[PDB]
Every structure is written in structure tokens, then in C-alpha cells.
Amino acid sequence: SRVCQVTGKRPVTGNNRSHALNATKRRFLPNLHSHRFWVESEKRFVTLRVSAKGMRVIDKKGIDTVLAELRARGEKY
Amino acid sequence: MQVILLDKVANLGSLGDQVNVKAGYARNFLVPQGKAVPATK
Amino acid sequence: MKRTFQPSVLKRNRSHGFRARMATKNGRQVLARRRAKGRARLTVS
RNA sequence: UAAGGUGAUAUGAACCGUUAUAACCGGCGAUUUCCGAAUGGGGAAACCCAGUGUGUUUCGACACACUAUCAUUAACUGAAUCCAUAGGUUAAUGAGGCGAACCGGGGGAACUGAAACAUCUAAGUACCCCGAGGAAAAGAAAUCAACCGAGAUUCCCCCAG
RNA sequence: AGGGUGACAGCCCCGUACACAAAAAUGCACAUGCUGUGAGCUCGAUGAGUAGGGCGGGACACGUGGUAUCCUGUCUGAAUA
RNA sequence: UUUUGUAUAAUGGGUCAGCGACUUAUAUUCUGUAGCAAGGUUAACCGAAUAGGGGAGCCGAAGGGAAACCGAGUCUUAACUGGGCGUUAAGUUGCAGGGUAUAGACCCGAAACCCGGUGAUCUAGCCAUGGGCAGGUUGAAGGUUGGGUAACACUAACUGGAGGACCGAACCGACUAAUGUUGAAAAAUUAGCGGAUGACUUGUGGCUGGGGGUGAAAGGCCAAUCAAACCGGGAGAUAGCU
RNA sequence: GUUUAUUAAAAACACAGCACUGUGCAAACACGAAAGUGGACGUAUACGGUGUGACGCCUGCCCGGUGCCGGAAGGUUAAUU
RNA sequence: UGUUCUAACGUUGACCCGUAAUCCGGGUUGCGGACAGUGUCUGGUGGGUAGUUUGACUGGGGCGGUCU
Ligand SMILES: [K+]
Ligand SMILES: [K+]
Ligand SMILES: [K+]
Ligand SMILES: [K+]
Ligand SMILES: [K+]
Ligand SMILES: [K+]
Ligand SMILES: [K+]
Ligand SMILES: [K+]
Ligand SMILES: [K+]
Ligand SMILES: [K+]
Ligand SMILES: [K+]
Ligand SMILES: [K+]
Ligand SMILES: [K+]
Ligand SMILES: [K+]
Ligand SMILES: [K+]
Ligand SMILES: [K+]
Ligand SMILES: [K+]
Ligand SMILES: [K+]
Ligand SMILES: [K+]
Ligand SMILES: [Mg+2]
Ligand SMILES: [Mg+2]
Ligand SMILES: [Mg+2]
Ligand SMILES: [Mg+2]
Ligand SMILES: [Mg+2]
Ligand SMILES: [Mg+2]
Ligand SMILES: [Mg+2]
Ligand SMILES: [Mg+2]
Ligand SMILES: [Mg+2]
Ligand SMILES: [Mg+2]
Ligand SMILES: [Mg+2]
Ligand SMILES: [Mg+2]
Ligand SMILES: [Mg+2]
Ligand SMILES: [Mg+2]
Ligand SMILES: [Mg+2]
Ligand SMILES: [Mg+2]
Ligand SMILES: [Mg+2]
Ligand SMILES: [Mg+2]
Ligand SMILES: [Mg+2]
Ligand SMILES: [Mg+2]
Ligand SMILES: [Mg+2]
Ligand SMILES: [Mg+2]
Ligand SMILES: [Mg+2]
Ligand SMILES: [Mg+2]
Ligand SMILES: [Mg+2]
Ligand SMILES: [Mg+2]
Ligand SMILES: [Mg+2]
Ligand SMILES: [Mg+2]
Ligand SMILES: [Mg+2]
Ligand SMILES: [Mg+2]
Ligand SMILES: [Mg+2]
Ligand SMILES: [Mg+2]
Ligand SMILES: [Mg+2]
Ligand SMILES: [Mg+2]
Ligand SMILES: [Mg+2]
Ligand SMILES: [Mg+2]
Ligand SMILES: [Mg+2]
Ligand SMILES: [Mg+2]
Ligand SMILES: [Mg+2]
Ligand SMILES: [Mg+2]
Ligand SMILES: [Mg+2]
Ligand SMILES: [Mg+2]
Ligand SMILES: [Mg+2]
Ligand SMILES: [Mg+2]
Ligand SMILES: [Mg+2]
Ligand SMILES: [Mg+2]
């Protein structure tokens, strides 16, 4: 599914609104990218499907802290 | 992104130099090849 | 003239039988409705 | 608890019982085929076909038990690849399915009304989906108030069509 | 109370008011064990990709309106007593 | 019943029996009636209490002005000889009733729209695997032999057995007519008719699902249903019409 | 050959043949929120789409309109800043 | 104010392993490479699809005429 493994961002629903205010249902998808993250503690690459936002979280917190959070949830990688 | 250089990196600086790099340069090259580390403290 | 019901027990069971009903959520909902109504015969089986 | 009793249509037959093991009622046990989550594999439900271990045989065979999947944990093991990791096997523990409403969440109509119709309405309704509990949810102020003060959340009556 | 009995029964029958009853299992409420759980006090700490913002949408009685407040798909991004 | 008007040859009713259409809740106004009266009345709730408590509120006793504000006045205007609205009428709470509002709102009735399911045992197309095609014709390519050619080409005889080839049963169809039309049959029967080795036909099983399928294309077919299947639901949709 | 099962079998549909056009392969194209699958275990002598409809003789003039293809100087023009 | 590079990313190239496997993953390598592609925003195009509108009077309706 289109779910960020770091943040849990997923598709949300809302409306397209025309100039005449016609509402049609749409989705907003996360900006997801499969990315190979270097885990220097483990000396290997871990691939995560992450939002661009999730990538900024990894930059801020570090991959070790993030993977520990994933292990606590039971999110496997 | 602020990093601390560990190896001498060309067009950047020397060991212990605080430098701002593009996040992609740090994430995909400097950090995985052990040339810099994130400026954590 | 050839009418619409041309019986085949194999096709009957594969199309509408107990195991066909159990194979999908919507088939299991059929069985749930029929049990709730109190049908003597849940399926063609 | 008892002088009656062996459920009904439903008589009969053959019996049981009358001072307490007849029947009847209640507690706790025992037994509880096959299908069904169905779980040893399969399957057109109530069927077909196994493996392994034990025990017993009249050598023909027989009986019993276990053997699903996933998750977590542990042990033993174990690639590409050096260490390793992935992977593999076993064990323990848990889950699974069903159920009328209420409850929280993920999605979410249209007819209709607007005397047409698109904004708007119907309505976050119907419906689909996930999850729970005896209730759920909410909840201990980054809340209101108005210079006076109140003191978490929930529900009812007002405020007010 | 009520029901039954060959028509309408306080006194025919079963009940009813009232008074009693449990070998066994069991809900509950207190009681005291064991097992785990740790209170008190002083000193310190005080939730960041967050608040806030831009863009799109949604929620608020409130339809973007002069529109506060809340949620966030997207891009950003503080001060922290 | 509907109408300007119906014995009307306009509508409806074969008959009987039974059932079958102005309701209910809440708000609001008016009438009647009862209580209390410049007051009237409580809601939730408490209470074993139809009691009693509870006056939070609501309506009324003052209006004028957009409002600040003023107030038996006020607004208007710089200001009224003025002018507008007011002062100069008792209300309120029950109970019964008339109307209105929101609700299915007097009852029955659409064609339709949306949501979730069920259906390819009929039929359309396809996929896999099996089967069928009496009997009779015609005589392509090719071949052999002779003739012919420098060698080809060519040409005759024999052979050979092609084909969405021919005639015609089974089999598959459906052009005409009659019959039948409360049928023998919700599409047939009878006499004739077309194809009949093929783009053929058929058995068994499989796949495609509803704005979707499939279609040698007729809007055809998708279970006697098709310009959007069927079943259940939104649902008592709505019906200025009968 | 095919067709309106059940009032139309035809001059309708199809057809071999013809032409235009797309498509360089992870093809175009189609089914599918996607993964994928068909196209095809094919590869431009191939595949899709469109029109025409054996064969024979042929298929004239118009690019102004609408489309498609190419251009890219200039005008105009979004978010953004 | 050109291109080059590799390290993100792509690979429906090759080989190796999980493995009895034309899926998938991991590894090695080649090729491509900050392009492609996807998210949010945004202009264009958009009967492919959807919801609808498309007046009344009238010597029937339509056409014409009319509407203050
Ligand atoms: K609507
Ligand atoms: K209307
Ligand atoms: K009595
Ligand atoms: K933000
Ligand atoms: K009339
Ligand atoms: K008539
Ligand atoms: K009234
Ligand atoms: K009154
Ligand atoms: K006056
Ligand atoms: K009165
Ligand atoms: K209704
Ligand atoms: K009414
Ligand atoms: K449909
Ligand atoms: K014909
Ligand atoms: K042109
Ligand atoms: K590579
Ligand atoms: K790019
Ligand atoms: K006239
Ligand atoms: K006339
Ligand atoms: Mg809407
Ligand atoms: Mg099984
Ligand atoms: Mg079994
Ligand atoms: Mg088997
Ligand atoms: Mg309307
Ligand atoms: Mg429970
Ligand atoms: Mg709770
Ligand atoms: Mg204070
Ligand atoms: Mg009598
Ligand atoms: Mg804090
Ligand atoms: Mg805030
Ligand atoms: Mg924000
Ligand atoms: Mg703001
Ligand atoms: Mg905003
Ligand atoms: Mg909004
Ligand atoms: Mg406004
Ligand atoms: Mg008349
Ligand atoms: Mg008369
Ligand atoms: Mg007459
Ligand atoms: Mg008459
Ligand atoms: Mg009539
Ligand atoms: Mg009649
Ligand atoms: Mg006043
Ligand atoms: Mg009344
Ligand atoms: Mg089906
Ligand atoms: Mg023939
Ligand atoms: Mg036919
Ligand atoms: Mg015939
Ligand atoms: Mg013929
Ligand atoms: Mg013939
Ligand atoms: Mg037509
Ligand atoms: Mg039909
Ligand atoms: Mg329709
Ligand atoms: Mg409705
Ligand atoms: Mg109706
Ligand atoms: Mg023909
Ligand atoms: Mg016909
Ligand atoms: Mg015909
Ligand atoms: Mg492919
Ligand atoms: Mg033609
Ligand atoms: Mg791009
Ligand atoms: Mg369009
Ligand atoms: Mg349309
Ligand atoms: Mg509509
Ligand atoms: Mg219309
Ligand atoms: Mg008219």
C-alpha cells in the first residue's frame, strides 16, 4: 500500500473544486520513494518506502533511531 | 545540511571542518563512504 | 425448444455449492444471511 | 423430591418402582460420530487420500496420538560472502471463526428539496470495510471568561430557531 | 395476585401473603495471606521535523468571506519558560 | 366519477363477505373552556410519591430608533407649523378544537436515480479436450510416358485427387405458404426451402459481469427480462397528474 | 460466409484485395488506483487503428474552414517569486 | 554563461545465491543516470465519461410573430 514506513502517511481523500465549486472526490497521495539507507551501525543498506517528509525525519533523527521505532511498531524492513 | 568532514574531501575542506552541503550529497555519498558525519554533537 | 435450465450437478456445485460460498467474503455473507433467516437448506449442496 | 414411571403425534408391547439407586428436578462430572474457523493434504460441506510415532498382532492387519497457517519468543542450524545476515528446522505461547443492537475508526451515494438546475440540499444519511467493549468514546485546560471569575470528560433541561 | 375445576369459587385443587431451605458449583461485598507492583521526600527535568508559515483540500452552525480556531496531502520550519 | 354539459355510445364496478384513505409527534397562531391575575407558569431533575420540591427559564406588564441612545414617548430634521410608529385595550398556564410549520403528513400508483450483492446451466465471443459429416459428382497442382525444343517452353495420353467446388441424407439452419393465434407449442406443425470438408457442426469443462461484458454490428445477446440484467437496500424516491 | 433467439436474411455485416496512419520493443494500443497481463515468447515482409471492399479501367481540381503534422523568431500567457 | 562524472534513482542485460523456482529478494557486474519516473501544485487539452439545461403565448403543436 502507498504508506510511508517512517511517518505512516497514506492516501487521504478530499475534493477537487472547480471555479463553479463543483465538488468531485479525489485522493491526495504521499510523495513516496523506495530509498536505500546506509545503516553504518549494521554495515548495510536498508530499503524503506518513505515519503520525502520521512526522508527529512531520517536526516534529523538518524536512521538508527528511526529503525528502532519501526521495530517497536512491528514494521519490518 | 551541516556535516563534519572526517576524510579530506576535495572542494570542501579538511578533518573537523563544519560545512553546509546539499542533503543529497551528504545522504548518498559523504556519509555512506565515511568522508563526513552529521553534525550531531 | 431448448429451455434455460440445462442441469449439471458438477456445474451446480461449482457455481453455488457450500465450498464456492465459503471461498469469498461475499459468499460467506450469503450463508450468514441464510442462517439468520433460518433456512433449512443453506446451499444447493 | 417421590408414589408413581419408561418425551410427543400415540395407543399398545415388554417392563421398572411404591421408604428409597423407579421416574422427575438442580449442582458437579463422564461420554460427545461426521461436516463446519476446520487446522495432516485434498475436496463438488457432512467425503477422498496420507505421513510420523508409539502400542498390539492370529502376519491378514489393528488401535491410539500427533502432523494447518500466521505472529511473537527461544534453541539448533545456516547462502551468495570473510565475519555475518537472509534463509531452514524444532519447541513454547497467542491468534483465527461466529454473533441482534449500541460504540470508535477507514471509505461514502443518489433519489429528493431548491416548485427547472449546477453552488447549496438530501447527509457524513444509506451502504461497504476495519476494530473493540460491556459499554465504547471522551477526559484532568497551551479551556472558557472579561479585569469579576470559573475550574477535566460525559449526559439532560434552558439559552434559541 | 392469578390460574384450574362439568356455568361465575377467598374457604375443591394449584397457588398467593407470610415463614423457611443447599451436598455441590457460583456472582458479589467486605477480611486476612502469598506473589508481583512499588509510595514518601528533596533536588532536577518539562514531549521538534513539532508550533508557525506557503500551496491544495477537509472540519468547525460559519459555503473564503474582513475569517479567527482545528486537521493535514505537499513544500518548509521556530522559540523552548 | 369527471365536466360548460352525461340515459349517455365518457370513467369505474360480475356478486357477496371481510379489510381498505385527513393520522401521529413537536412547534406556532386563533376560538371555546377552566385556573390564577399585573402577573401567569415552571423544564430537566429530586421525590417510593399523578403529591410535594425545583422559578433555570419562558410569556406579559413600554415604546421609539439601523444603532448608540432616549423613554410615555421616540424617530425624522439645523428645527418642526409637523409627520411615522407608540402611549389612550390584561395577561398567562392548562384542557378541547380550527389553521399553519417540520416530518411519508389523506390513501394507492410511475417511468426512473443511487448503493451492495447474485448470475455466462439460455445466449455472445474466446480457451482446453473429445465426437460427427450416408451416398453420388467434378477432375486443379503435381507425376510418368510419347511428341516437341539447342535446351527450355510447349503439346497429347495415362495418372493424380485440389476445392470456404458440385448434387444430396444425417447434422446445422430458417426463404415462402397454409394451419395454429383462450395453440399440441409464451415462436411450433405440415408442404416446399438454404448450407452440408468448413469462416462447418457438436459433447464436456473453463473464462469474460452491468455503463460492464460479448457482438462477421441487428442496439443484437448477457437464464421466456436489455438504449443499461437480476436480487436486496436508500424507499413510504418524487408525482403542480389520474 | 454473417445478422435483428420471437414480424426485417437484405442491397445490411464480414470478406480476400487496396490505402492512409500509428508503432524501434519495457512498441503503439488495451484491461487494470497498482502489481501486472494481453499485444507476443511476435519485432516494421511485424503489430494496432481507420476508411474502402474480388477483378478490370481508373481515382481529377481545392489546404480558405475544422483536424493532424512540422516550425519557433515575435505577441499573449499558470503555479511560483 | 558547456559538457563530463557517480553515489541517489531506473534496468522487461548478464551471472551467482536463497532454491527442486522465467515470481520475489539479496549479491556481483554491465548499461542508463541526476535524466527518466512518481507526489503536491499549476496552464493547456479533454462528449473519453458524468450531471444537467434547451421559456411561454398560440383557434392543436410547429414555423412565423409576440413578451416592458
Ligand atoms: K443532487
Ligand atoms: K420541483
Ligand atoms: K378460584
Ligand atoms: K507544517
Ligand atoms: K372530458
Ligand atoms: K373510451
Ligand atoms: K393548536
Ligand atoms: K386558552
Ligand atoms: K410625535
Ligand atoms: K383566561
Ligand atoms: K413517501
Ligand atoms: K397534515
Ligand atoms: K447497468
Ligand atoms: K438469406
Ligand atoms: K488546413
Ligand atoms: K546496477
Ligand atoms: K528527473
Ligand atoms: K385563440
Ligand atoms: K381550430
Ligand atoms: Mg456532493
Ligand atoms: Mg483444509
Ligand atoms: Mg483435514
Ligand atoms: Mg492429494
Ligand atoms: Mg428540484
Ligand atoms: Mg467482552
Ligand atoms: Mg475508555
Ligand atoms: Mg485572575
Ligand atoms: Mg357452558
Ligand atoms: Mg509541554
Ligand atoms: Mg495553534
Ligand atoms: Mg500546520
Ligand atoms: Mg494561518
Ligand atoms: Mg491553509
Ligand atoms: Mg477549507
Ligand atoms: Mg458572507
Ligand atoms: Mg368535454
Ligand atoms: Mg339528461
Ligand atoms: Mg347501451
Ligand atoms: Mg357508461
Ligand atoms: Mg379517464
Ligand atoms: Mg368495467
Ligand atoms: Mg423596547
Ligand atoms: Mg392544544
Ligand atoms: Mg459467474
Ligand atoms: Mg461446398
Ligand atoms: Mg441464426
Ligand atoms: Mg420443414
Ligand atoms: Mg449452392
Ligand atoms: Mg447440398
Ligand atoms: Mg437503428
Ligand atoms: Mg432473453
Ligand atoms: Mg441508466
Ligand atoms: Mg430517502
Ligand atoms: Mg411511492
Ligand atoms: Mg449465401
Ligand atoms: Mg426476427
Ligand atoms: Mg425471417
Ligand atoms: Mg510486455
Ligand atoms: Mg462499404
Ligand atoms: Mg519531471
Ligand atoms: Mg468531453
Ligand atoms: Mg452527455
Ligand atoms: Mg438530479
Ligand atoms: Mg432533463
Ligand atoms: Mg406552449
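Naming convention: chains lettered A, B, ... in sequence-line order (proteins, then strands); numbering from 1 in each chain. Basis for what follows: all heavy atoms, side chains included, without hydrogens, waters or symmetry-related copies.
The residue C:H16 sits close only to the backbone: its heavy atoms come under 4.0 Å of sugar-phosphate atoms, none of a base. Counting any heavy atom pair closer than 4.0 Å across all strands shown, C:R14 reaches sugar-phosphate atoms only and no base atom. At a threshold of 4.0 angstrom between heavy atoms, the contacts of C:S15 are confined to the sugar-phosphate backbone, with no base atom among them. Contact annotation for A:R27: base contact, defined as any heavy-atom pair under 4.0 Å involving a base atom. At a threshold of 4.0 angstrom between heavy atoms, the contacts of A:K43 with the nucleic acid are absent. Using a 4.0 Å heavy-atom criterion, one finds that A:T24 contacts no nucleic acid atom at all. Contact annotation for C:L10: base contact, defined as any heavy-atom pair under 4.0 Å involving a base atom. Contacts of C:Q29 with the nucleic acid, taken as non-hydrogen atoms under 4.0 Å apart, involve only primed sugar atoms and P, OP1 or OP2.
For A:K60 and E:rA48, a side-chain-to-base donor-acceptor distance below 3.5 Å is present, hydrogens and geometry of angles not being considered. The base of E:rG77 is paired with the side chain of A:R56 by a donor and an acceptor separated by under 3.5 Å.
If you take atom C1' in F:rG91 and the same atom in F:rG40, they sit 7 Å apart, rounded to whole Å. Rounded to whole Å, the separation between the P atoms of G:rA14 and F:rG180 comes to 43 Å. With both ends at atom P, the span from D:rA110 to E:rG58 equals 15 Å, rounded to whole Å. On the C1' atoms, D:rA160 is 32 Å away from D:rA136, given to the nearest whole Å. Taking the P atom of each, F:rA56 and D:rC159 are spaced 13 Å apart, rounded to whole Å. If you take atom P in F:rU93 and the same atom in F:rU42, they sit 10 Å apart, rounded to whole Å. Separation of the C1' atoms belonging to F:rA239 and D:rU112 is 12 Å when rounded to the nearest angstrom. Look at the P atom in both G:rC13 and F:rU201: the space between them is 22 Å, to the nearest Å.
The phosphate of D:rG107 has neither OP1 nor OP2 within less than 4.0 Å of any side-chain N or O from A:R26.
Annotation: cation-pi pair C:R3/C:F5 absent, no NZ/CZ under 6.0 Å from the ring centroid and within 45° of its normal.
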Write out a two-atom table: protein N or O, nucleotide N or O from nucleotides 96-103 of chain D, distance below 3.5 Å.
none

Return the polar atom pairs (N/O with N/O) between nucleotides 58-62 of chain E and the protein under 3.5 Å, or none.
residue, atom, partner, partner atom, Å
E:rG58, OP1, A:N15, ND2, 2.8
E:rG58, OP1, A:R17, NE, 2.9
E:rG58, OP1, A:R17, NH2, 3.0

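In this structure, A:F45 and A:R36 both approach RNA chain H, and ranking their closest nucleotides by distance from the 5' end singles out A:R36.
C:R35 contributes no side-chain N or O that, together with a main-chain N or O of C:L42, makes up a donor-acceptor pair within less than 3.5 Å. Within the 3.5 Å criterion, the main-chain N or O of A:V12 finds no donor-acceptor partner in the side chain of A:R27. Remark: side-chain polar atoms of B:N20 are paired, donor with acceptor, to backbone N or O of B:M1 under 3.5 angstrom.
Pairing check for F:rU214 against F:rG220: the two satisfy the Watson-Crick or G-U wobble geometry, each of the two atom distances being under 3.5 Å. Judged by Watson-Crick and G-U wobble geometry, where both atom pairs must sit under 3.5 Å apart, F:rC158 and F:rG14 do not count as a base pair. With the cut-off at 3.5 Å for both distances, G:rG36 forms a Watson-Crick or G-U wobble pair with G:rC31. Remark: the bases of D:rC155 and D:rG55 do not meet in a Watson-Crick or G-U wobble pair with both edge contacts under 3.5 Å. For D:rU69 with D:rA95, the Watson-Crick or G-U wobble criterion holds, each of the two distances under 3.5 Å. The base of F:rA178 engages F:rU189 as a Watson-Crick or G-U wobble partner, both distances under 3.5 Å. Base pair annotation for G:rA8 with G:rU37: unpaired, by the Watson-Crick or G-U wobble rule (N1-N3 plus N6-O4 or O6-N4, or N1-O2 plus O6-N3, under 3.5 Å). No canonical Watson-Crick or G-U wobble pair links F:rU28 to F:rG57 with each of its two hydrogen-bond distances shorter than 3.5 Å. With both hydrogen-bonding distances under 3.5 Å required, F:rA78 and F:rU138 do not qualify as a Watson-Crick or G-U wobble pair. Entry note: F:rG109 and F:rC241 meet the pairing test, Watson-Crick or G-U wobble at under 3.5 angstrom for both distances.
Annotated as anti: D:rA84, whose glycosidic dihedral deviates from 0 by more than 90°. The glycosidic torsion of D:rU85 lies more than 90° away from 0, which places this base in the anti conformation. Nucleotide H:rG59 is shown with a syn base, its glycosidic torsion being within 90° of 0. Nucleotide E:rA7 carries a syn base; the chi torsion (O4'-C1'-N9-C4 or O4'-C1'-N1-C2) is within 90° of 0.
A stacking criterion of 5.5 Å and 30° is not met by the six-membered base rings of adjacent nucleotides G:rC25 and G:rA26. Legend: stacked base step between D:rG94 and D:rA95; six-membered ring centres less than 5.5 Å apart, planes less than 30° apart. Base stacking is absent between D:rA10 and D:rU11; the centre distance of their six-membered rings and the plane angle do not both fall under 5.5 Å and 30° respectively.
We find that the ring of C:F18 and the base of D:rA45 stack, their centres lying under 5.5 angstrom apart and their planes tilted less than 30°.
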Can you give me the dot-bracket string for RNA chain H, 5' to 3', counting Watson-Crick and G-U wobble pairs with both distances under 3.5 Å, using [ ] for crossing pairs and | for partners on another strand?
........(((.((((((.....)))))))))......................(((.......))).
So C:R21 and C:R28, side-chain contact (heavy atoms from CB on, under 4.5 Å) or not? Walk me through it.
CA-CA 6 Å; C:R21 295 278 188 245; C:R28 292 184 299 262; over 6 Å; no
Evaluate side-chain hydrogen bond (donor to acceptor under 3.5 Å, both in side chains) for A:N31 paired with A:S51, printing each intermediate quantity in order.
CA-CA 5 Å; A:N31 185 16; A:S51 58; over 6 Å; no
